[PDB]
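Sequence lines, in order, name chains A, B, C, D, E and F.
If you're matching positions, the first sequence starts at 1 in PDB author numbering and goes up one per residue.
If you're matching positions, the second sequence starts at 488 in PDB author numbering and goes up one per residue.
If you're matching positions, the third sequence starts at 99 in PDB author numbering and goes up one per residue.
If you're matching positions, the fourth sequence starts at 102 in PDB author numbering and goes up one per residue.
If you're matching positions, the fifth sequence starts at 25 in PDB author numbering and goes up one per residue.
If you're matching positions, the sixth sequence starts at 454 in PDB author numbering and goes up one per residue.
All residues carry an ideal CB built from backbone N, CA and C; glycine is no exception.
Structure first, then comments.
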Amino acid sequence: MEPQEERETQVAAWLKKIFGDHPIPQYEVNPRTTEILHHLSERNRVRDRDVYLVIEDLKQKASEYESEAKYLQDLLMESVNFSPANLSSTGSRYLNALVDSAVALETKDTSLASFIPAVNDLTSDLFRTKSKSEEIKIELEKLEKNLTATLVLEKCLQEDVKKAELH
Amino acid sequence: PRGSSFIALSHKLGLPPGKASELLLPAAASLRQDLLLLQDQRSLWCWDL
Amino acid sequence: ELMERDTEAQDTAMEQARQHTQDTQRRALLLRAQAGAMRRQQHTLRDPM
Amino acid sequence: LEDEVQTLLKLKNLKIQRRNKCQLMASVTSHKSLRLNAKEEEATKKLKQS
Amino acid sequence: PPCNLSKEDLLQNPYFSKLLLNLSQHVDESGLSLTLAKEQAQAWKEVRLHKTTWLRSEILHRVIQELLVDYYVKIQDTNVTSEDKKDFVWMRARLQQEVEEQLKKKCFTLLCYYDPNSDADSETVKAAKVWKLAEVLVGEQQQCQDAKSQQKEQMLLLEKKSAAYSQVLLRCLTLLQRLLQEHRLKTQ
Amino acid sequence: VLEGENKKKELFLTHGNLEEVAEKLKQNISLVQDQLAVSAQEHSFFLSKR
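The structure is reproduced here in structure tokens:
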């Protein structure tokens, strides 16, 4: 259980971390203001560490993909002497069509047997995501009529309070 | 077998099979970003409750 | 979903079968490459022999 | 209610029109898997006889 | 006790509200630092810049493997591609055009299954739809993700209107108990 | 990222362990959204009572 002194100490340490060159306005010294920002800072450090991990993972995987692309290219020339420039215009166009189709599918295996479940799932989830959202908008009218009837009842009952006071 | 482990991790993280294995970490953290996008709403359904 | 499971039972193993075929045929053709290379060694030694 | 019925009916119509497609896809996947299994045997015989 | 932030808690400490307003330019809806989001975007830019070449190189060798295994199947037929084991430049000259042929095979075969309207299409419109399939699937993915990204704000909307209904019902309960007890039960 | 700030790095990390951690995250998300739904239903029941 971090006390309010340690709470405000971590808040003061976090102020210069967040603002830096930005000016730091003064807060009212009460446990509420000190308490609320503590959880925000605690989860902000967690998510920033996680995003550090994601950024370093992306740079690492980009370097790995460069290394694997170079290795597979060298394997291509040492095996069948194949380069992307050897194919004709229609061959390069088909290659680029498969490249940006796989980009749209964000998949790794270019086999047709890997295309078919991904293509079927991409066809299906597009309508699945818009499915089941109709329940919200058909349940909305009951809450809307209840709130509207009770609101006009509220103003009617306020006028009833006034008229009952008159009576 | 590590490939089967990674596809199983994609299965348990909601990623479709055969997808980009390198987007596992951005998605799962986003799931954690979704996770923190839930429990606070739980408090919004609890304390006012 | 049942016959999707039936198809995925082969979808998982088709890449493994292709990898097994490629690796086994490469380690099989290196036997013939070895045979040629130390046939060359044989005839490199045999005429002086 | 009739609109709901016909939307489910056309949903199942497209489900059958992909059901036969899925039969075709299992067929071509099974043929390609058996193709790879038949590609294994050249590797085995080149590992044995050579 | 309103442990969560409320309007009463907002008006209790306006300085705290102005302090939290400065975090908006730093902490977004997801919570991330905006410069950390920009660094994530730049790392993803490196990822896509390298993966363009990676996907350019991967499908070439995959289609070479597919052509070689199709010629394996053709060895079992009458016309044997045995000269692939014999010649290298001849198999290269055949290999370029037949990698193109297998790319055509894969593209038109997949488009025969992707759309029933594209099942019996001619080769020119099939090729055009092969070129445009990337944009079609990007649009499909975007429209798929739009509803899932959308649903959160209607969930919050129904939740807050549900709480507003509770506030209105509490006010009505107070007014009705005033009308019954104070105006009718005791005084009257 | 998946285990987070709750615990540090383990002495022996296996892919089955990370599979279990991913299942833990998915189960946490599912239980939290189920609690969200049941809390909304409970507050709506008290709304109907009011």
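Next item on the list: Using a threshold of 8 Å, state whether the C-beta atoms of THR107 of chain A and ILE83 of chain E are closer than that.
Entry: no
Checklist line | Endpoints, the alpha helix (DSSP H) within which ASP109 of chain A is located | finding: Taken as a continuous stretch (DSSP letters only), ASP109 of chain A belongs to no alpha helix (DSSP H), as it is neither H nor E.
Check: List, in order along the chain, the chain A residues whose C-beta lies closer than 9 Å to that of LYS210 of chain E?
Finding: Within chain A, not a single residue places a beta-carbon under 9 Å from that of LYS210 of chain E; the smallest gap is close to 12 Å.
Item checked: 8 Å Cβ shell around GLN49 of chain E - same chain, five flanking residues per side excluded -> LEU58
Notebook entry, point to check: So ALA67 of chain E and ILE55 of chain A are in contact, right, with Cβ under 8 Å, and what is the actual spacing, rounded?
Noted result: Between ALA67 of chain E and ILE55 of chain A a beta carbon distance of about 5 Å is seen, short of the 8 Å cut, so the two are scored as contacting.
Next item on the list: Could you tell me which chain E residues have their CB closer than 8 Å to the CB of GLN118 of chain D, listed as they occur along the chain?
Entry: In chain order: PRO140.
Next item on the list: Could you spell out where the alpha helix (DSSP H) holding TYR137 of chain E opens and where it closes?
Entry: Where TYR137 of chain E is concerned, the enclosing alpha helix (DSSP H) stretches over 113-138.
Checklist line | Secondary structure of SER48 of chain E, DSSP reduced to three states | finding: coil
Next item on the list: Find out if the Cβ-Cβ distance for the pair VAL46 of chain A, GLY457 of chain F is shorter than 8 Å.
Entry: yes
Item checked: Residues bridged to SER173 of chain E [DSSP beta-bridge criterion] -> Paired residues: none, contrary to the question.
Item checked: Short Cβ contact (8 Å threshold) for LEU91 of chain E with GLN120 of chain E -> 8 Å or more divides the Cβ of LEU91 of chain E from the Cβ of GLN120 of chain E.
Check: In the structure shown, what three-state DSSP assignment does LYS69 of chain E receive?
Finding: helix
Next item on the list: Indicate whether at least one CB of chain E lies closer than 8 Å to the CB of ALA490 of chain F.
Entry: no
Notebook entry, point to check: So which residues of chain A does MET112 of chain C contact, with C-beta pairs closer than 8 Å?
Noted result: Within chain A, the residues near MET112 of chain C are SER111 and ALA113.
Check: Do you know offhand how far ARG130 of chain C's Cα is from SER151 of chain D's?
Finding: Rounded to the nearest angstrom, the two C-alpha atoms are 6 Å apart.
Next item on the list: Could you confirm whether any beta carbon from chain A is found closer than 8 Å to the beta carbon of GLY457 of chain F?
Entry: yes
Next item on the list: Could you tell me if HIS496 of chain F is buried or exposed, where buried requires 16 or more neighbouring beta carbons within 10 angstroms of its beta carbon?
Entry: buried
Notebook entry, point to check: When DSSP builds the beta bridges, which residues end up paired with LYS506 of chain B?
Noted result: Secondary-structure assignment with DSSP links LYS506 of chain B through a beta bridge to A:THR107.
Check: Between the stretch 114-145 of chain C and chain A, which residues of the former have a C-beta closer than 8 Å to a C-beta of the latter?
Finding: none
Next item on the list: Could you name the residues of chain F that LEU53 of chain A contacts, counting a contact when the two beta carbons are closer than 9 Å?
Entry: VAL454
Note to self: I'd like the list of long-range same chain contacts for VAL51 of chain E, defined as Cβ closer than 8 Å, with 5 residues on each side in sequence excluded.
What the structure shows: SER57
Margin query: For the stretch 509-529 of chain B, list every residue whose C-beta sits within 8 Å of some C-beta in chain F, in sequence order.
Written below: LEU512, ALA515, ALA516, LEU518, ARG519, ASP521, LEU522, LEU525, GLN526, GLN528 and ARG529
Check: Is the Cβ of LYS147 of chain D closer than 8 Å to any Cβ of chain E?
Finding: no
Check: Any beta-carbon of chain B closer than 8 Å to the one on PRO3 of chain A?
Finding: no
Notebook entry, point to check: Of all the residues that make up the stretch 137-153 of chain A, which are near chain D by a beta-carbon distance shorter than 9 Å?
Noted result: Answer set for the stretch 137-153 of chain A: empty.
Check: Going by alpha carbons, who is nearest to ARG124 of chain C out of D:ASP104, D:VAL106 and D:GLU143?
Finding: D:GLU143
Notebook entry, point to check: Beta carbon of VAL71 of chain E, beta carbon of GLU154 of chain A: below 8 Å?
Noted result: no
Notebook entry, point to check: Shorter than 8 Å from the beta carbon of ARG118 of chain E to some beta carbon of chain A?
Noted result: no
Check: Would a check of beta-carbon distances place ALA507 of chain B closer than 8 Å to chain G?
Finding: Protein chains in the displayed structure are A, B, C, D, E and F, and chain G is not among them.
Margin query: What does DSSP give as the partner residue(s) for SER57 of chain E in the beta ladder?
Written below: E:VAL51
Checklist line | Same chain, Cβ closer than 6 Å to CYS533 of chain B, five either side skipped, listed in chain order | finding: No residues qualify anywhere along the chain.
Check: Beta-carbon of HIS468 of chain F versus every beta-carbon of chain E: anything under 8 Å?
Finding: no
Next item on the list: Under 9 Å between beta-carbons, which chain B residues line up against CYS168 of chain E? List them in chain order, please.
Entry: Within 9 Å Cβ-Cβ: nothing; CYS168 of chain E doesn't reach chain B, min ~11 Å.
Notebook entry, point to check: Starting from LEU35 of chain E and walking both ways along the alpha helix (DSSP H), at which residues does that stretch end?
Noted result: 31-36
Next item on the list: Could you check what DSSP says for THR142 of chain C in three-state terms: helix, strand or coil?
Entry: helix
Next item on the list: Closer than 9 Å by beta-carbon distance: list the chain C residues that pair up with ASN138 of chain D, in chain order.
Entry: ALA115 and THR119
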